[PDB]
Each structure stands twice: as C-alpha cells, then as structure tokens.
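Undergrad: As input, take input.tsv (TSV, C-alpha atoms and all ligand atoms):
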chain	number	residue	atom	x	y	z
B	124	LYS	CA	-2.51	-3.70	-4.83
B	125	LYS	CA	-1.64	-4.04	-1.13
B	126	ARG	CA	1.93	-5.08	-1.91
B	127	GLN	CA	5.34	-3.58	-2.67
B	128	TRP	CA	7.48	-5.57	-5.10
B	129	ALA	CA	11.14	-5.20	-6.04
B	130	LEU	CA	13.50	-6.47	-8.72
B	131	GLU	CA	14.93	-9.16	-6.42
B	132	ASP	CA	11.46	-10.74	-6.34
B	133	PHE	CA	11.70	-11.76	-9.98
B	134	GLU	CA	13.70	-13.93	-12.33
B	135	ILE	CA	13.91	-12.16	-15.69
B	136	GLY	CA	13.65	-14.31	-18.80
B	137	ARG	CA	13.97	-13.90	-22.56
B	138	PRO	CA	13.19	-10.42	-23.95
B	139	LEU	CA	9.77	-10.16	-25.66
B	140	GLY	CA	10.21	-6.73	-27.20
B	141	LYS	CA	12.53	-3.73	-27.37
B	142	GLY	CA	10.81	-0.34	-27.36
B	143	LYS	CA	12.21	3.19	-27.44
B	144	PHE	CA	12.12	3.75	-23.68
B	145	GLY	CA	12.73	0.16	-22.67
B	146	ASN	CA	12.12	-3.54	-23.12
B	147	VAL	CA	9.61	-6.15	-22.04
B	148	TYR	CA	10.90	-9.41	-20.54
B	149	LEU	CA	9.27	-12.64	-19.59
B	150	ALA	CA	9.70	-13.07	-15.86
B	151	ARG	CA	8.67	-15.30	-12.95
B	152	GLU	CA	7.97	-14.28	-9.35
B	153	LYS	CA	10.23	-16.33	-7.15
B	154	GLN	CA	7.92	-17.30	-4.34
B	155	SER	CA	4.71	-18.03	-6.27
B	156	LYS	CA	6.48	-19.27	-9.43
B	157	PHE	CA	4.02	-16.94	-11.18
B	158	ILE	CA	4.64	-16.17	-14.89
B	159	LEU	CA	4.22	-12.66	-16.26
B	160	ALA	CA	5.88	-9.87	-18.20
B	161	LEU	CA	8.14	-7.19	-16.76
B	162	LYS	CA	8.23	-3.84	-18.63
B	163	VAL	CA	11.53	-2.04	-17.97
B	164	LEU	CA	11.63	1.67	-18.70
B	165	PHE	CA	14.29	4.25	-18.04
B	166	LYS	CA	13.94	7.24	-15.75
B	167	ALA	CA	16.56	8.83	-18.01
B	168	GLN	CA	14.54	8.42	-21.23
B	169	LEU	CA	11.14	9.03	-19.65
B	170	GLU	CA	12.49	12.22	-18.11
B	171	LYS	CA	14.17	13.60	-21.23
B	172	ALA	CA	11.00	12.96	-23.25
B	173	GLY	CA	8.68	14.49	-20.64
B	174	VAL	CA	6.34	11.48	-20.71
B	175	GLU	CA	6.52	10.83	-16.95
B	176	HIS	CA	3.02	12.20	-16.43
B	177	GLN	CA	1.73	10.18	-19.39
B	178	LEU	CA	3.34	7.11	-17.85
B	179	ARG	CA	1.44	7.89	-14.67
B	180	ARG	CA	-1.69	8.14	-16.83
B	181	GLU	CA	-0.97	4.68	-18.30
B	182	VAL	CA	-0.35	3.00	-14.95
B	183	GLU	CA	-3.51	4.40	-13.34
B	184	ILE	CA	-5.94	3.60	-16.14
B	185	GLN	CA	-4.54	0.19	-17.04
B	186	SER	CA	-4.10	-0.90	-13.42
B	187	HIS	CA	-7.76	-0.08	-12.77
B	188	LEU	CA	-9.13	-1.99	-15.76
B	189	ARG	CA	-10.43	-5.59	-15.51
B	190	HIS	CA	-11.68	-7.29	-18.71
B	191	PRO	CA	-10.80	-10.51	-20.52
B	192	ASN	CA	-9.79	-8.51	-23.61
B	193	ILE	CA	-7.52	-6.04	-21.81
B	194	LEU	CA	-3.97	-6.78	-20.63
B	195	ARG	CA	-3.85	-6.45	-16.86
B	196	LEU	CA	-1.30	-4.30	-15.12
B	197	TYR	CA	-0.78	-5.76	-11.66
B	198	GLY	CA	1.49	-3.12	-10.23
B	199	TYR	CA	4.86	-1.37	-10.52
B	200	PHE	CA	8.00	-0.21	-8.73
B	201	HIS	CA	11.19	1.79	-9.29
B	202	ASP	CA	14.87	2.00	-8.38
B	203	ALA	CA	17.68	4.54	-8.77
B	204	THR	CA	17.78	3.85	-12.51
B	205	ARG	CA	14.56	2.59	-14.10
B	206	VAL	CA	10.84	1.87	-13.73
B	207	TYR	CA	9.25	-1.58	-13.73
B	208	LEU	CA	5.66	-2.28	-14.75
B	209	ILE	CA	4.32	-5.72	-13.77
B	210	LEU	CA	2.10	-6.94	-16.56
B	211	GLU	CA	-0.04	-9.90	-17.37
B	212	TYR	CA	1.79	-12.07	-19.95
B	213	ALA	CA	0.25	-12.87	-23.34
B	214	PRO	CA	1.85	-16.13	-24.56
B	215	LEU	CA	0.89	-15.95	-28.26
B	216	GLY	CA	2.48	-12.64	-29.21
B	217	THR	CA	1.35	-9.48	-30.98
B	218	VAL	CA	-1.31	-9.34	-33.66
B	219	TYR	CA	1.38	-7.50	-35.62
B	220	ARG	CA	3.52	-10.62	-35.86
B	221	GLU	CA	0.44	-12.73	-36.74
B	222	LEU	CA	-0.10	-10.30	-39.58
B	223	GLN	CA	3.53	-10.36	-40.82
B	224	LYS	CA	3.29	-14.15	-40.64
B	225	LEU	CA	-0.04	-14.64	-42.48
B	226	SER	CA	0.17	-11.26	-44.30
B	227	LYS	CA	-3.65	-11.19	-44.41
B	228	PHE	CA	-6.58	-12.34	-42.28
B	229	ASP	CA	-9.79	-13.99	-43.50
B	230	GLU	CA	-13.08	-12.33	-42.74
B	231	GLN	CA	-13.63	-14.72	-39.84
B	232	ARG	CA	-10.47	-14.05	-37.85
B	233	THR	CA	-10.93	-10.35	-38.63
B	234	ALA	CA	-14.58	-10.20	-37.52
B	235	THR	CA	-13.49	-12.08	-34.41
B	236	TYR	CA	-10.63	-9.72	-33.57
B	237	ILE	CA	-12.95	-6.82	-34.30
B	238	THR	CA	-15.51	-8.26	-31.93
B	239	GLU	CA	-13.14	-8.84	-29.05
B	240	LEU	CA	-11.75	-5.37	-29.65
B	241	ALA	CA	-15.20	-3.76	-29.74
B	242	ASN	CA	-16.04	-5.42	-26.45
B	243	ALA	CA	-12.82	-4.19	-24.89
B	244	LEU	CA	-13.29	-0.67	-26.17
B	245	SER	CA	-16.86	-0.80	-24.92
B	246	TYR	CA	-15.67	-1.54	-21.43
B	247	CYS	CA	-13.15	1.33	-21.72
B	248	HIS	CA	-15.54	3.99	-23.00
B	249	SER	CA	-18.16	3.20	-20.36
B	250	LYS	CA	-15.40	4.65	-18.14
B	251	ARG	CA	-14.75	7.66	-20.40
B	252	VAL	CA	-11.34	6.21	-21.28
B	253	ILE	CA	-10.14	6.61	-24.86
B	254	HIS	CA	-7.20	4.49	-25.98
B	255	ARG	CA	-6.04	6.49	-29.04
B	256	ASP	CA	-3.13	4.14	-29.82
B	257	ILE	CA	-5.08	1.21	-31.23
B	258	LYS	CA	-2.70	-0.45	-33.70
B	259	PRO	CA	-1.78	-4.07	-34.27
B	260	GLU	CA	1.63	-3.66	-32.56
B	261	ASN	CA	-0.29	-2.72	-29.40
B	262	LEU	CA	-2.58	-5.75	-29.62
B	263	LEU	CA	-1.52	-9.05	-28.00
B	264	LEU	CA	-2.69	-12.68	-28.03
B	265	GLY	CA	-3.79	-14.77	-25.03
B	266	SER	CA	-3.47	-18.51	-24.48
B	267	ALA	CA	-6.64	-19.14	-26.50
B	268	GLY	CA	-5.68	-16.85	-29.39
B	269	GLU	CA	-7.99	-14.20	-28.00
B	270	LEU	CA	-7.11	-10.54	-28.54
B	271	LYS	CA	-5.94	-8.33	-25.64
B	272	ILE	CA	-5.32	-4.57	-25.83
B	273	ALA	CA	-2.01	-3.74	-24.16
B	274	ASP	CA	0.09	-0.61	-23.87
B	275	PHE	CA	-2.21	2.09	-22.49
B	276	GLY	CA	0.61	4.57	-23.03
B	277	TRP	CA	-1.41	7.17	-25.00
B	278	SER	CA	-4.84	6.65	-23.42
B	279	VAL	CA	-6.67	9.46	-21.60
B	280	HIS	CA	-10.09	10.49	-20.33
B	281	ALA	CA	-12.64	12.09	-22.63
B	282	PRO	CA	-13.23	14.45	-24.10
B	283	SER	CA	-9.60	15.44	-24.53
B	284	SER	CA	-8.14	18.75	-25.73
B	285	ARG	CA	-4.84	17.04	-26.08
B	286	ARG	CA	-2.40	18.24	-28.59
B	287	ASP	CA	0.40	15.91	-27.78
B	288	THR	CA	3.28	16.20	-30.23
B	289	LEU	CA	2.53	13.19	-32.38
B	290	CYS	CA	5.45	10.81	-32.08
B	291	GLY	CA	4.91	7.79	-34.32
B	292	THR	CA	2.81	6.86	-37.35
B	293	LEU	CA	-0.37	8.75	-38.18
B	294	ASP	CA	-1.58	5.54	-39.78
B	295	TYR	CA	-4.26	4.91	-37.11
B	296	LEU	CA	-5.06	8.52	-36.14
B	297	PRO	CA	-8.37	10.23	-37.06
B	298	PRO	CA	-8.61	13.69	-38.67
B	299	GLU	CA	-9.55	15.39	-35.38
B	300	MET	CA	-6.36	14.12	-33.72
B	301	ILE	CA	-3.76	14.71	-36.42
B	302	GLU	CA	-5.29	18.17	-36.98
B	303	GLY	CA	-4.80	19.08	-33.30
B	304	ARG	CA	-8.46	19.44	-32.27
B	305	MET	CA	-10.37	18.07	-29.30
B	306	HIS	CA	-11.47	14.48	-29.53
B	307	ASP	CA	-13.65	11.92	-27.80
B	308	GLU	CA	-14.11	8.13	-27.71
B	309	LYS	CA	-15.12	8.16	-31.39
B	310	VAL	CA	-11.38	8.30	-31.97
B	311	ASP	CA	-11.21	4.58	-31.20
B	312	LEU	CA	-13.97	3.69	-33.70
B	313	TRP	CA	-12.02	5.43	-36.48
B	314	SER	CA	-9.09	3.31	-35.37
B	315	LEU	CA	-11.27	0.19	-35.40
B	316	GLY	CA	-12.04	0.95	-39.02
B	317	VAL	CA	-8.34	1.33	-39.77
B	318	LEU	CA	-7.57	-1.94	-37.98
B	319	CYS	CA	-10.40	-3.80	-39.72
B	320	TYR	CA	-9.00	-2.80	-43.09
B	321	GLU	CA	-5.41	-3.62	-42.24
B	322	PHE	CA	-6.51	-7.05	-41.09
B	323	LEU	CA	-8.19	-7.88	-44.37
B	324	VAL	CA	-5.90	-6.02	-46.76
B	325	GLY	CA	-2.46	-6.37	-45.14
B	326	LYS	CA	-1.71	-2.62	-45.05
B	327	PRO	CA	-3.56	0.28	-43.37
B	328	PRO	CA	-5.80	2.18	-45.84
B	329	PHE	CA	-3.88	5.50	-45.52
B	330	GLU	CA	-0.32	4.21	-45.91
B	331	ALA	CA	2.02	6.57	-47.75
B	332	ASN	CA	5.76	7.13	-47.97
B	333	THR	CA	5.74	10.37	-46.04
B	334	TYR	CA	4.18	11.69	-42.87
B	335	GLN	CA	2.93	14.72	-44.79
B	336	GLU	CA	1.29	12.71	-47.55
B	337	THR	CA	-0.32	10.15	-45.15
B	338	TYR	CA	-1.58	13.21	-43.24
B	339	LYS	CA	-3.22	14.39	-46.44
B	340	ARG	CA	-4.82	10.94	-46.91
B	341	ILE	CA	-6.30	10.87	-43.43
B	342	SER	CA	-7.51	14.46	-43.60
B	343	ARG	CA	-9.29	13.89	-46.94
B	344	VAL	CA	-10.24	10.33	-46.01
B	345	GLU	CA	-8.83	8.92	-49.21
B	346	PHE	CA	-8.87	5.15	-49.40
B	347	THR	CA	-9.78	2.39	-51.83
B	348	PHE	CA	-10.51	-1.35	-51.61
B	349	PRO	CA	-8.72	-4.29	-53.20
B	350	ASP	CA	-11.17	-6.25	-55.34
B	351	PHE	CA	-11.32	-9.09	-52.81
B	352	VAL	CA	-12.84	-7.11	-49.97
B	353	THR	CA	-16.45	-8.26	-49.83
B	354	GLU	CA	-19.19	-5.66	-49.87
B	355	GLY	CA	-20.04	-6.21	-46.18
B	356	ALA	CA	-16.47	-5.51	-45.07
B	357	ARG	CA	-16.54	-2.40	-47.25
B	358	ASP	CA	-19.78	-1.24	-45.61
B	359	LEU	CA	-18.49	-1.69	-42.06
B	360	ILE	CA	-15.20	0.01	-42.85
B	361	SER	CA	-16.89	2.84	-44.75
B	362	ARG	CA	-19.24	3.45	-41.81
B	363	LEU	CA	-16.27	3.47	-39.46
B	364	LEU	CA	-14.04	5.92	-41.33
B	365	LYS	CA	-15.97	9.20	-41.24
B	366	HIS	CA	-14.45	12.64	-41.02
B	367	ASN	CA	-17.33	13.45	-38.71
B	368	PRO	CA	-16.88	11.52	-35.42
B	369	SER	CA	-20.59	11.76	-34.69
B	370	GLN	CA	-21.34	10.05	-38.01
B	371	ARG	CA	-19.23	7.05	-36.92
B	372	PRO	CA	-21.43	4.27	-35.43
B	373	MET	CA	-21.28	2.93	-31.91
B	374	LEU	CA	-19.73	-0.25	-30.68
B	375	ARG	CA	-23.23	-1.66	-30.36
B	376	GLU	CA	-23.82	-1.02	-34.08
B	377	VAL	CA	-20.48	-2.63	-34.86
B	378	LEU	CA	-21.17	-5.77	-32.79
B	379	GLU	CA	-24.61	-5.87	-34.37
B	380	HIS	CA	-23.27	-5.49	-37.93
B	381	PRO	CA	-24.47	-8.14	-40.42
B	382	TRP	CA	-20.93	-8.75	-41.70
B	383	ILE	CA	-19.65	-8.99	-38.12
B	384	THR	CA	-22.35	-11.55	-37.16
B	385	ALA	CA	-22.11	-13.67	-40.29
B	386	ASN	CA	-18.40	-13.99	-39.49
B	387	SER	CA	-17.31	-13.50	-35.91
B	388	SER	CA	-16.98	-16.77	-33.98
B	389	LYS	CA	-17.05	-14.90	-30.62
B	390	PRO	CA	-20.12	-13.14	-29.18
R	1	LIG	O1	7.69	-13.91	-28.99
R	1	LIG	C1	7.08	-12.81	-29.07
R	1	LIG	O2	7.21	-12.07	-30.08
R	1	LIG	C2	6.19	-12.38	-27.97
R	1	LIG	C3	5.71	-13.33	-27.09
R	1	LIG	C4	4.87	-12.93	-26.06
R	1	LIG	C5	4.52	-11.59	-25.91
R	1	LIG	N1	3.63	-11.27	-24.82
R	1	LIG	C6	3.55	-10.04	-24.10
R	1	LIG	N2	2.89	-10.05	-22.94
R	1	LIG	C7	2.76	-8.93	-22.20
R	1	LIG	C8	3.33	-7.75	-22.65
R	1	LIG	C9	4.01	-7.76	-23.86
R	1	LIG	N3	4.60	-6.57	-24.37
R	1	LIG	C10	5.06	-6.55	-25.72
R	1	LIG	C11	4.33	-5.90	-26.71
R	1	LIG	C12	4.81	-5.89	-28.01
R	1	LIG	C13	6.00	-6.51	-28.33
R	1	LIG	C14	6.73	-7.16	-27.35
R	1	LIG	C15	6.26	-7.17	-26.05
R	1	LIG	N4	4.10	-8.90	-24.55
R	1	LIG	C16	5.00	-10.65	-26.80
R	1	LIG	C17	5.85	-11.05	-27.83
Produce structure tokens that represent the structure in this file.
Ligand SMILES: O=C(O)c1ccc(Nc2nccc(Nc3ccccc3)n2)cc1
TA:
Amino acid sequence: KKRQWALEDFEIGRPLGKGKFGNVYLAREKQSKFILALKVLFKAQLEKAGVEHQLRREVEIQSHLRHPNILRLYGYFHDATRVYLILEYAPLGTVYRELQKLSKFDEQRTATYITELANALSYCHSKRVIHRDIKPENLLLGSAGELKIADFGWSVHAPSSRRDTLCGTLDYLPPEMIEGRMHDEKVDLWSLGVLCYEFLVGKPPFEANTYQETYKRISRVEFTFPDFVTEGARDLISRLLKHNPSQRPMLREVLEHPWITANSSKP
C-alpha cells in the first residue's frame, strides 16, 4: 500500500507451516494489535532456486486481488537475510488437514468448496490470471469455514508458454502442462476436476507410486470411480477432466451444474 513495514513492527507467534523456502507464522502488528500471517522466505534459497522472479509474480498478482475467496496479501518487506510477505490469516487451517482429519467429504461440503473455488477462479480468470497450483494444501479456511485460495506462487497470466521445471506432484496438473505445451485458464478447470474427485474419494484420481507412472495416468486420462460416487459427481468430474482444454466447461457451467446446485449450500 502506502506504507513500509519492518520486522520490528510485528510480534511473531506459533508457526503455522514449514515450507521448502520458509515458514509461515502467526503474527500481530504491534500498534494496531492486528492479527495476520507472516510468510518468511530466504533470499539464500530463493536465489539458489532461481524463483525470485516467480516470487515477484506471486506478490504482484496476489497483492492486486480482492475477493472473499482469495487470501489477501497486504504487502511485504526484506532485510539482509530473508523476505517477509504479510498475509491475511485464515484461522481454520488448510483444506488438506480437513481432508486428513475427515478422510472424505460429503457431496455437500464438496459442492460448497467447489462453488467457492469456482467463484474465486472466476474472479481470477476475468483478469487473465491462471493459478496452476490448485491443490488442497494451497487451500485455506476462513473464520466461517469458507474456502480461500492462498499461495499464488505458480500463478501467471494467460496464455502461458511456460515450461517451468515441474517441482512437486503432477497430481493436479493437466496434460498440456506436464507435457510442456502452452496453456490457458482451462488449466484451473482440470484442476477443479481433480480437486472435486479428491474431496469425495480421499485421493486424487491419478495417484501412482512414481512420477513417471502418474504422468502416464494424466496423459492418458486414466481414472475410475469408487462405487459410492453418485452419477452426478461422476458427470461433473468427467466433464472437467478432458484432454482437450476447450472441451472442458466454463466456471459458469460448473456453478450451474445440477449436482452442484442440488448440493452446494453457497451461491
Ligand atoms: O494450525 C494449522 O495447521 C493452521 C492454522 C492456520 C493457518 N492459516 C494460514 N493463514 C494464512 C497463511 C497460511 N499459510 C499456510 C499454508 C499452509 C500450511 C501452513 C500455513 N496459513 C494454517 C494452518
């Protein structure tokens, strides 16, 4: 914003998470008593990994996004050693931990998460921003249990040519991305299909024991449903996981989906 913060402005609390490049802490701003989360990253690690520009990309995009379903970035600042991102704080945790805890979601919590998500993504895409990292570990919970997309680390503007050496799990990545081609916002809808399935089933539909094998699964779009996935969930997920991006529906079609409406508690 208009202001320049510094570490001495904040009391750091209990650590929320420990990433590869740094950790997230609860923290309070001394003068306002304001509660939020401080993301501490290391110039050393960011440098060695050559992500500095991608970090820039994160800060710009996220800082400029306002939406109930997106985690706000208020600002940032650096010192000799590390980099500090000042983030809105989501008091109920990741969707990942919800999923470990419950191991499966009912159609209603899933349709709801999928709705909030679709809305969020909608807002993003209207700006030509594609997230590309949508996974439950990157999804957080607000005071009211409402879903918030955090961690804009891999997002970019569309279309993208990006071949970025793929670091983590392919589990949420569409064929066009793993295969090194150019991609557009449809990426996120593929991901939404992956997410939907993981929410209902407890594991992402392409899970394998090796990168190479999972990569095969995604490329050939090989998945199957447990018997307890209702036909409506199957239809939404099947429409969402299409080798052809242009065959994948649009967030309007998702929000307007019969299964979504018969289930979601949130418009
Ligand atoms: O008690 C926990 O588990 C937990 C509690 C709150 C929380 N909220 C939060 N808010 C803003 C950013 C952020 N980053 C983050 C993302 C994933 C894991 C850890 C931190 N987390 C995360 C975890």
Undergrad: Could you pull out the residues sitting within 12 Å of ligand LIG 1 (chain R), using only C-alpha atoms and all ligand atoms, and write them as number ranges by chain?
TA: B: 136-143, 145-150, 158-163, 193-197, 208-221, 223-224, 258-266, 268, 270-276
Undergrad: Go through B:357, B:207, B:344, B:174 and flag the residue nearest residue 290 (chain B), using only C-alpha atoms for the distances.
TA: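 Looking at the shortest contact to residue 290 (chain B), the residue is B:174.
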Undergrad: Give me, please, the distance in Å between CA of residue 296 (chain B) and CA of residue 165 (chain B), quoted to one decimal.
TA: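 Taking CA of residue 296 (chain B) and CA of residue 165 (chain B), their separation equals 26.8 Å.
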Undergrad: Put a box with edges along x, y and z around all the listed atoms of region 127-143 of chain B, pad it by 8 Å on each side, then give me its centre and sizes in Å, one decimal, as JSON.
TA:
{"center_x": 10.1, "center_y": -5.6, "center_z": -15.1, "size_x": 25.6, "size_y": 33.5, "size_z": 40.8}
Undergrad: Could you check the closest approach to residue 386 (chain B) for each of B:313, B:236, B:346, B:320 and tell me which residue wins, using all atoms listed in the file?
TA: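 With all atoms listed in the file as the atom set, the closest residue is B:236.
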Undergrad: I'd like to know which of B:355, B:198, B:390, B:328 is closest to residue 314 (chain B), using only C-alpha atoms.
TA: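 Among the listed residues, the smallest separation from residue 314 (chain B) belongs to B:328.
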Undergrad: Could you pull the residues within 9 Å of residue 231 (chain B), counting only C-alpha atoms, minus those fewer than 4 positions along the same chain, as a list in words?
TA: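 Contacts, with the query itself left out: residues 235, 236, 383, 385, 386, 387 and 388 of chain B.
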Undergrad: Go ahead and compute the interatomic distance for CA of residue 172 (chain B) and CA of residue 283 (chain B), in Å to one decimal.
TA: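 The value is 20.8 Å.
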Undergrad: Separation of CA of residue 301 (chain B) and CA of residue 256 (chain B), in Å?
TA: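 Separation between CA of residue 301 (chain B) and CA of residue 256 (chain B): 12.5 Å.
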Undergrad: Would you be able to write out as a list in words which residues have an atom within 10 Å of (-10.4, 16.9, -24.0) in the file's coordinates, counting all atoms listed in the file?
TA: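 Every polymer residue passing the test: residues 279, 280, 281, 282, 283, 284, 285, 286, 304, 305, 306 and 307 of chain B.
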Undergrad: Identify, on the basis of only C-alpha atoms, every residue whose closest approach to residue 375 (chain B) does not exceed 10 Å; exclude the query and any residue fewer than 6 positions from it along the same chain; express the result as number ranges by chain.
TA: B: 241-242, 245
Undergrad: Taking all atoms listed in the file into account, which of B:322, B:200, B:334, B:128 comes nearest residue 291 (chain B)?
TA: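 Ranking B:322, B:200, B:334, B:128 by distance to residue 291 (chain B), first place goes to B:334.
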Undergrad: Counting all atoms listed in the file, which residues sit no farther than 8 Å from the position (13.7, -12.2, -2.3) in the file's frame? I'd like them as a list in words.
TA: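 Collected hits near the coordinates: residues 131, 132, 133, 153 and 154 of chain B.
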Undergrad: Can you work out which one of B:311, B:175, B:321, B:134 has the shortest atom-to-atom distance to residue 244 (chain B), counting only C-alpha atoms?
TA: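 Of all the options, B:311 lies closest to residue 244 (chain B).
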Undergrad: Between B:229, B:239, B:299, B:287, which residue has the minimum interatomic distance to residue 369 (chain B), considering only C-alpha atoms?
TA: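 The answer is B:299, which sits nearest to residue 369 (chain B).
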